[PDB]
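Note sheet for the following structure.
So you know, we letter chains A, B, ... as the sequences are listed, proteins then strands, and number each from 1. The analysis underlying the following values was restricted to heavy atoms, covering all of them including side chains, and did not include hydrogens, waters or symmetry mates.
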Number of protein chains: 2
Amino acid sequence: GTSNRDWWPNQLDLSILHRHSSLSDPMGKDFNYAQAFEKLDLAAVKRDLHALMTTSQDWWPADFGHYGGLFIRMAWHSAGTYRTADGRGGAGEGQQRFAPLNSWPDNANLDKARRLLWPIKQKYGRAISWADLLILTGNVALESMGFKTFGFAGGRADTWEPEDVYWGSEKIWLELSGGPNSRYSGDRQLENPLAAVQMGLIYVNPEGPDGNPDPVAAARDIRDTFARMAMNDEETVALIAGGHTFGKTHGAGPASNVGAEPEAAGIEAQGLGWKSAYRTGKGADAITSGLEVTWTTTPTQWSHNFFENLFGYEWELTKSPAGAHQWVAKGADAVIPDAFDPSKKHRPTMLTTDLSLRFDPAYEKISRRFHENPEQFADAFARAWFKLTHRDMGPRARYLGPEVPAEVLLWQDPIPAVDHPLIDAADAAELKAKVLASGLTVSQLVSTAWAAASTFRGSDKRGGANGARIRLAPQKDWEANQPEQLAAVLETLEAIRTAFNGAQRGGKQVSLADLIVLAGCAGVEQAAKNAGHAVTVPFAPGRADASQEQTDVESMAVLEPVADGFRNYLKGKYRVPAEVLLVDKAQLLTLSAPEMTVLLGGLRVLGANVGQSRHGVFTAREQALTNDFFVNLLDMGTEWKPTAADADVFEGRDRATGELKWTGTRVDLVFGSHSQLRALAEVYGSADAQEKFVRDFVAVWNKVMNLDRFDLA
Amino acid sequence: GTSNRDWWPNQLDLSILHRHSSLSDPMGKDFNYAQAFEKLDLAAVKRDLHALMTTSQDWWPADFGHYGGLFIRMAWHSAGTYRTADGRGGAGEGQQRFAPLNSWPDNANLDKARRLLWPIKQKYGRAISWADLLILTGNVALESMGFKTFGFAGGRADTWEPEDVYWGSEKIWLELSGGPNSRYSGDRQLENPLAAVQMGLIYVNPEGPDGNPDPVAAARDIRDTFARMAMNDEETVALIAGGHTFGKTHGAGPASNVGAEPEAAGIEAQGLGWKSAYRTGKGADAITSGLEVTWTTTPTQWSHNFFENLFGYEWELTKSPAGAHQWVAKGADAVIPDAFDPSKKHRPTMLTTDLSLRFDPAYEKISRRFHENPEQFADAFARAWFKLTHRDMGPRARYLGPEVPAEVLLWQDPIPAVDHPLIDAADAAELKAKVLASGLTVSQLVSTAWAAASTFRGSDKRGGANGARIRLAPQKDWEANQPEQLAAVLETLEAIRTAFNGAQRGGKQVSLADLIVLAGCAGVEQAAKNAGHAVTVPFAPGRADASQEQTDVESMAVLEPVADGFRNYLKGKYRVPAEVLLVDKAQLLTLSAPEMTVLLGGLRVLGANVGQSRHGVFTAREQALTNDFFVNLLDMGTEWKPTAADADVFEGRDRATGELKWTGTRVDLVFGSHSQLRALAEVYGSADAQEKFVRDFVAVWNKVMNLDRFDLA
Ligand code: HEM
Ligand code: HEM
Ligand SMILES: NNC(=O)c1ccncc1
Ligand SMILES: NNC(=O)c1ccncc1
Ligand SMILES: [Cl-]
Ligand SMILES: [Cl-]
Ligand code: NA
Ligand code: NA
C-alpha cells in the first residue's frame, strides 16, 4: 500500500498536530476526567490492588508469590520514558499501553502486568485512568512490601492513540552504537532529545555500554541518561538501589525461545507477546531481559540488603543461562531465595549497572552514605519515586485526590497561592490604558507576552506565563528573549504595577505575571486598532509571581528555545530543518495546523521577530494586525530564490522587474510550499478573510496566554 | 525518525478513520459551504474566468493566447481519478491540490493551471471551494470556446488534508507492468479497486500499453479503465474526442530537463514543480508529458476537426523531440497552427490512444457516427462531461446553484420527489408497535435495516436506504442480504404499509424505504427493552421508493458488499486480511474507530450476522442490546486458538477446563488484539458502561440510517 510518507519521506508531517481529536476519543466531548476521578473511592481501589499483589494467575505466576516487583518495574517503565529536552514520554498519558512502547524490548512482559490490572480497571471504569492506575499500582506494590510512599496524585487523563514521538532513527531494535543511524557521535554524545542509549531501552543497557560489562563506563551512561530524565546523582542512586531492593530479573533459558513482541504477534495472542517456547514459558522458566539476578535475601520486603550486598562482597563476572553478562558474589553462601522452589537458594548477584553505584567515584560516596544511614536512603527514594512518577503532571493545581503531598518541591516550578482580591474588568481597562500611554510599542508588548507564555509545553505541562519567571534567571537572559529590550519593558511594567498597587484599597493588587499578559493584550488591541478593527482581547487574572528561590535555574535550561519559528529564531545551524522545528514547537504548544498558521502570520506583522528581523515581515503596515503576511506570501507576482550567502534565507523579487520585495526563512516560506499549509494560508489570504483572520488570531493568542492556567480548569 | 508503520508495516492503520477532524479545518465548526455558495454571484465568477482565459501570464504563457485546453485537462484530471469499485477519487473533494495527486506525473504542470486560478479564488474566498472552481473553470473554458455545456452544480466542500487512498503497491512512478508489485495478473487483469494502468496515470499510457504503440491493444486498456470509471464505449469516445478537440500536448525537448515534482521540489518553488532547464522552460519550450501533438486546426474553438483529421489522413509512427511515440499524418500539409509563432504551421498529429478510436472496431462505429453527425457528438460529450465531473457528488439534493440541469439521469440513482404529508411521531410509534406485533424478530428487523442502509459510501455518496432499492434487482439477490429471509421480511413490511396507508385521511402515507428503517429502529428499541433499557431510537421520515426502471442494475453491482465485517461476512477468500476490509468499510461509512467498535459489538449481539453465524456472538442473551460482546471478548479466563479446519476462525476455551465457550473470526478478535481497538473495547466492557454503550449504539445506528439523507442537510 504505497503512501505519501513512501514517496516524500522528508516532507513535513502535519498529522502530529491533529492527533487526539474528538473523532478517536470514545468519551463524550463533555467527559471531564478530573471530575470522574474526584468521585472514585480511591481507598477501595487500593484495597483491590493490595489483594491483587498475592493473587497469582497460572498464565503468569507470581515470583515469590507476590507481583510487587513486577508492578514496580511496570510503573518505573511507564514513568521512565520521560526526556527533559522536550518533556515527551513519561507516565502522564498511559502511553505504555500503545505502540511502540507496549512492544519495546525493555517493556517485555509488562503486557502481563497490565493484563493482571484489567479486572480492577474494568471494575472502576472511567473513574480511574490506565495512566493513573499504572502509577498507583506501583505505589501499592511498595506499600504492600513495607515501604511508605511520599504520596500520590491522580489526574492523568487517558489518551486514545499513540503519541508521535521521535525515539530515534535506528531501524533495528536495540542497535548498538555507531550504525548508519547512530544516536551517538563525538565522545559518546547522545543526540538531543533522546534519553536512552539504544532503541527500545528505558535508560541504559544492564550488561554495560553496547554490551561491554564495565561498571565504570556504565556509570557514565547512567549519569547522562538519568540527567536527561531530570534526575541528579543522589536521586539516581536512590532510585536504582531502591528499585533493585525488590524482585528479580528473568533469564532462565536462551532468548531464541522468545517470540514476537505484542504488536507483531498473532491475533489469537489477544494483545500479549513474547510467548516463550522455553519449558513452561513462564514462572520459574520466565525469560524477560535474559539476565538472571535476584538482589536481596527478602525480594518481597523492603530491606537494607541491597547496599549490604553491594559493599559486602567482591564481584565476579559470569553469565546468565541466556548468555548475558552479570555478576556473582565471590565465595558467598547461597542466601538468596528462589522464586518458586523453597528448597533452592542462590548466591548474591548484581547487574553491571548496579556495580556502577559502587565503582563510580561520585556514586560510591552516595551509596556509602545510604548504606551507613538507611533512613536517608529511604527518604531519598521516596522523594525520587514521587518525582519520577509525577514529573510530567504539571502544576500542583492538576493534582487530585486525598494523598497529594502537602510539601511543595522545587522541581514542581511552584507558584504562590493568590491571597488578595484580583483585578476586575475596570482595573484591566485602566492598566491597559496606562500601558499604552507609557510609550511601549505593539512590538515590545507582543514580543514580551509571547516570550513569557510560549515556554509552555503540553508534553510535561511545564512553563507558561504564570509565575513571571521571564523576569528571573535564566529566562531573563535567554537570547531569544532579547535581554536588553526585555529589561526595558519589564522596568516600565514594574513602575506601572507599583503605582497601581500603591493606589489600592483593601489588599487588591496585580501580579507582574498578570500584567505582562495584560500588557500583551493591550498591544494586540492597539495593533487591531492600527488596522481599523475594534477588538477587545480576553484576559483572565490570577497568575502569581514566583521568586528566584522557587525557580531551579538548571531545570529551567531545558525550556530555552533554541528554535522558535514564531519569532523567526534559530540559535544555531541544526541538522533538523527549521520547518520541522516549527511543527515540533506547535505540537508542544497544543496548536493545530490552522492555529499555528494564523498565529505565525499575525506575529510576523506585529513585530515579534527576534532582533527586529525583516524576514517574513510581508507588510508595509508593521504593528497593525492584518492578514498581509498571507496575501503577500501567496502573490505570484513574486519569485523566490535562496540567497548566495545562505541556502536558508530567500529573496523574493518582482517577477517582471527583478526588484527585491522581501526576504524570508524556511519557516516563512514553508507556508507557501507545503500543500496543506498553503491551503490554510489561502483561507486567511482571501479577500473575505480580514475579520476572520483578526478573530482567529485573537482566539489563538488568548489560548497561548492561558496554556498553563490549570487554576481555572 | 522510525515510526510504528516502519516497525509493524502490516498492523492496521486506524488514522484513516480519524482524518477530517475539526482540528485540521480552518473554517468555524459552524461553516456551511452550501449556504456560502448559494449566495455566490456565480455569473460574476464566470465573467472573471472568461477574462482569465485569454489573459496570458509570462510565468506560464498561454498556448495560442488561450488557457482553455489547459483548464479542460485540469478539470478532466480532477474528475478522472474516480474508481467505481470504491467510489474513491473524483473531483468532489478538490484532492488534486494535495499529495499525492498534485505530484502525479499525469498531473504535470496542472500546478500552473491551479496557480492561475488563485486570484479568482482569493477574490471570492469561501463562497466557492477549490473543488467547485476546478470544475467550473473547465466548464467556462468549454463555453468560451463555443461549446454548450449540459450544466453545473456547486456544492463540493473543500477538504483540508490528503485522503488515504490505495492507488497501487508500486514503489516507482509509472512502473511498467509485471514488476514485484504488478497491478496486473493473468491475461492483463487489473486488480480491484485500481482504475489506471500504471502508478501515477489517470487512465492509460498515451504511447500505448507499457509504452507499446499499438492502438488496438491500447483500446483494450482504454475500455477497461474507462469502464472502471463508470464510462461505457459511447461516453468514452465522446470524452476523448471531445477533450482532444482542444489545446495541445507539450514535449519540446528531452524529459531529462524536467526537475522534481511539487512534493519533492525545493521550498522556493512555492508549491510548483517540474521546473524545466529546457530553453525558456515554458511556453513554446514547454515540456509536460514529453509528447508533441496538436490535434486540430483551431485548438481554441469547438469544431469537428478531431474526427476529420482522424478519418481524413493515414498515420505514421514517429517520435516527439523528447523521444515519445506519437503519430503524424502522412503527406499532409502544414495546416495546424503553432502555439506562439504566427508564421509557423505543422502537420496533424495524434496519440496512439487517439487512433484507438478509429482502429478498435467497436469504437470505430461510434467515432464514425460522431464524425458524420457532430451534433450527436456535441450532445454525447456534453452529457459525458457532466457525468464525469459530477459522478461523485451524490444525490441531486446536494446540487446547488442556478445551472443545475433539470433532466434526471439514470446514473444519478434518482429518488422521486415526496408529494404527500409525512408520518409524525405518533404514526411512527404505531408503525413500530405493528412491526413488533407482526412477529418479525429483533434479528430480522436489524439485519434488514442494516442491509438497506449500509450500502452507503461517502467516497461518492452513492447507496443508502433512501429509494428502497433493497427490494429491487440486484440488491434483493445479493448473498450478503440473505435473499429468502429478506423477501419474507419485506413482504410482511409491505402488508403493514398497505394497511397503514389504506387507513389514512388526507393523503398521508409512508414509503417502504422509510418503513424498512423505522422497522430497524423498532428492532433496536425492542433489543434495548429486552436488556431492561427504555430508549427511543430517533427516526426521520422523507425517504421515497425508486422504481426498477430508475435503477441501473449494472451500476448497482459495484455496491455489492463482498466483505462486511459488521455482519461477519466475507464472500470469498481474499489476499487482504478481513480486519483491513473492516476498516475499509468503516471508512466508507464515515465511522470513527469508536463508532465502528460500538456498532460492531452491538450488531453481533443483536443477531445481524449473515446465515445466523454464532461467530462473535459473545452473549447468552442474544437479541438483547448489551455490551456482552466486549465483556466476554476481554475476559482473560478465555484462551483463543486458530482452528484445525480454518486459520481465520478461532476457538475460545475456558483456560482452566478446556471447555469450548465461543467461536470468532479475525474481525471479531481484532478488537481484543489491536492495541488501539482493545483500548476502545475496554471502555465499553467496563462495569460502568452499559448505559453509555446503549446511548452510543443508538447514535451510531441512527447515523448510519441517515447517511444518504442530504434532503435534510
Ligand atoms: C540503571 C537503571 C536500571 C537498569 C539498567 C535496570 C535494569 C533492569 C533489568 C534488566 C531488570 C530485569 C528485567 C527482567 O528480566 O524481568 C530490572 C528489574 C527491575 N527493576 Fe530495574 N533497572 C534500572 C533501574 C530501575 C529503577 C529506577 C527502578 C525502580 C525504582 C527499577 C526497579 C526494578 C524492579 C522492581 C525490577 C524487578 C522486576 C520483577 O520483579 O519482575 N529498576 N531492572
Ligand atoms: C485515453 C484517454 C486519454 C489520454 C491518454 C490522454 C492523454 C493526453 C496527453 C498525454 C496530453 C498531453 C499533456 C501535455 O503534454 O500537456 C493530453 C492533453 C489533453 N487532454 Fe487528454 N487524454 C485522454 C483523455 C482526455 C479526456 C477524457 C479529456 C477531456 C474531456 C482530455 C483533454 C485533454 C486536453 C484539453 C488536453 C490539452 C492540454 C493543454 O492544451 O494544455 N483528454 N491528453
Ligand atoms: N508527544 N506529545 C506532545 O508533543 C504533547 C502532548 C500533550 N500536549 C502537548 C504536546
Ligand atoms: N478516500 N475517501 C473515503 O473513503 C471517504 C471520503 C469521504 N467520506 C467518506 C469516505
Ligand atoms: Cl509522549
Ligand atoms: Cl478520495
Ligand atoms: Na510527556
Ligand atoms: Na470519491
Can a donor-acceptor pair be found, under 3.5 Å and without considering hydrogens, that links the side chain of [X] to the backbone of [Y]?
X	Y	value
A/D221	A/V204	no
A/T249	A/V293	yes
A/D392	A/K461	no
A/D158	A/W130	yes
A/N139	A/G151	yes
A/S103	A/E263	yes
A/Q475	A/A452	no
A/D708	A/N466	yes
A/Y82	A/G92	no
A/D106	A/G200	no

Point to revise | Sequence-distant partners of A/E407, salt bridge (charged side-chain N to carboxylate O under 4.0 Å, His left out), two or more places apart | key: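 A/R383.
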Point to revise | Partners meeting salt bridge (charged side-chain N to carboxylate O under 4.0 Å, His left out) with A/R471 (sequence neighbours left out) | key: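 Partners of A/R471 by the salt bridge (charged side-chain N to carboxylate O under 4.0 Å, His left out) criterion come out as none, since no residue qualifies.
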Which heavy-atom pair separates [X] from [Y] by the least distance, and what is that distance?
X	Y	value
B/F630	B/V598	CZ-CA, 4.2 Å
A/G125	B/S686	CA-CB, 3.9 Å
A/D354	A/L310	O-CD1, 3.8 Å
A/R396	A/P405	NH2-O, 2.9 Å
A/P162	B/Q676	CD-OE1, 3.9 Å
A/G68	A/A141	O-CB, 3.5 Å

Point to revise | Set of side-chain contact (heavy atoms from CB on, under 4.5 Å) partners for A/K282, sequence neighbours left out | key: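 A/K282 satisfies side-chain contact (heavy atoms from CB on, under 4.5 Å) with A/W60, A/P61, A/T280 only.
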Point to revise | Test side-chain contact (heavy atoms from CB on, under 4.5 Å) applied to A/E554 - qualifying residues, sequence neighbours left out | key: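 Applying side-chain contact (heavy atoms from CB on, under 4.5 Å) to A/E554 gives A/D552.
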Point to revise | Within 6.0 angstrom of B/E691 CD, more than 12 heavy atoms from elsewhere | key: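 For B/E691, atom CD is not crowded (no more than 12 foreign heavy atoms under 6.0 Å).
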**Study point:** Residue A/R126 excluded, over 12 heavy atoms near CZ under 6.0 Å
**Key:**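 Counting neighbours around CZ of A/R126, 12 or fewer heavy atoms of other residues, nucleotides or ligands fall under 6.0 Å, so no.
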Go through the side-chain N and O atoms of [X] and [Y] and say whether any donor and acceptor fall under 3.5 Å apart.
X	Y	answer
A/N107	A/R73	no
A/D379	A/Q376	no
A/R462	A/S555	yes
B/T597	B/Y684	no

**Study point:** Result of checking A/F377, A/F246, A/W385, A/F381 against A/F147 for ring pair (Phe, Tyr, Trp, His ring centres under 6.0 Å)
**Key:**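 Per the ring pair (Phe, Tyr, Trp, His ring centres under 6.0 Å) rule, the option paired with A/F147 is A/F381, out of A/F377, A/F246, A/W385, A/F381.
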Please round to the nearest 0.5 Å and tell me the distance separating atom [atom1] of [X] and atom [atom2] of [Y].
X	Y	atom1	atom2	answer
A/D514	A/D545	CG	CG	8.0 Å
A/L272	A/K112	CG	NZ	5.5 Å
A/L117	A/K123	CG	NZ	13.5 Å
A/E161	A/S21	CD	OG	6.0 Å
A/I120	A/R47	CD1	CZ	12.0 Å
A/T298	A/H304	OG1	NE2	10.0 Å

[X] versus [Y]: any side-chain heavy-atom pair under 4.5 Å?
X	Y	answer
A/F71	A/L49	no
A/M556	A/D413	yes
A/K46	A/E143	yes
A/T81	A/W167	yes
A/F64	A/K248	yes
A/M393	A/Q412	no
A/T590	A/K703	yes
A/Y363	A/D233	yes

Check your understanding: Using the ring of each side chain (for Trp, its six-membered ring), is A/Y399 parallel, tilted or perpendicular to A/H390, with breaks at 30° and 60°?
Key ->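 Tilted.
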Check your understanding: Parallel, tilted or perpendicular for A/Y33 and A/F37, by the 30°/60° rule?
Key ->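 Rings of A/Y33 and A/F37: tilted, 30 to 60°.
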Review point. Can you name the residues that form a side-chain hydrogen bond (donor to acceptor under 3.5 Å, both in side chains) with A/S144, not counting sequence neighbours?
Key: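 Partners of A/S144 by the side-chain hydrogen bond (donor to acceptor under 3.5 Å, both in side chains) criterion, ordered by chain and then number, come out as A/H66.
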Check your understanding: Listed by chain and number, what are the side-chain hydrogen bond (donor to acceptor under 3.5 Å, both in side chains) partners of A/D86, not counting sequence neighbours?
Key ->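 A/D86 satisfies side-chain hydrogen bond (donor to acceptor under 3.5 Å, both in side chains) with A/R83, A/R88 once adjacent residues are dropped.
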Review point. Hey, mind stepping through A/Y67 and A/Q57 against side-chain contact (heavy atoms from CB on, under 4.5 Å) and telling me if it holds?
Key: CA-CA 10 Å; A/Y67 287 127; A/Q57 296 290 329; 3.8 Å; yes
Check your understanding: Given A/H250 and A/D63, is the side-chain contact (heavy atoms from CB on, under 4.5 Å) satisfied, shown in steps?
Key -> CA-CA 10 Å; A/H250 309 82; A/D63 304 329; 2.6 Å; yes
Check your understanding: Should A/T236 and A/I222 be marked as a side-chain contact (heavy atoms from CB on, under 4.5 Å) after you check the CA-CA gap, both sets of side-chain angles, and the distance that decides it?
Key -> CA-CA 8 Å; A/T236 298; A/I222 292 167; 3.7 Å; yes
Review point. Please walk me through it: do A/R228 and A/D224 pass salt bridge (charged side-chain N to carboxylate O under 4.0 Å, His left out)?
Key: CA-CA 6 Å; A/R228 282 161 189 251; A/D224 177 34; 2.9 Å; yes
Practice item. With salt bridge (charged side-chain N to carboxylate O under 4.0 Å, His left out) as the test, would you mind laying out the steps for A/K121 and B/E682 before giving the verdict? Key: CA-CA 9 Å; A/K121 184 75 182 82; B/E682 283 168 345; over 6 Å; no
Exercise for review: Could you go through the side-chain contact (heavy atoms from CB on, under 4.5 Å) check for A/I415 and A/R543 one step at a time?
Suggested key: CA-CA 8 Å; A/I415 308 291; A/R543 294 170 193 79; over 6 Å; no
Exercise for review: State which residue, out of A/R97, A/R156, A/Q96, fulfils the side-chain contact (heavy atoms from CB on, under 4.5 Å) condition with A/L134.
Suggested key: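 Exactly one option meets the side-chain contact (heavy atoms from CB on, under 4.5 Å) with A/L134, and it is A/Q96.
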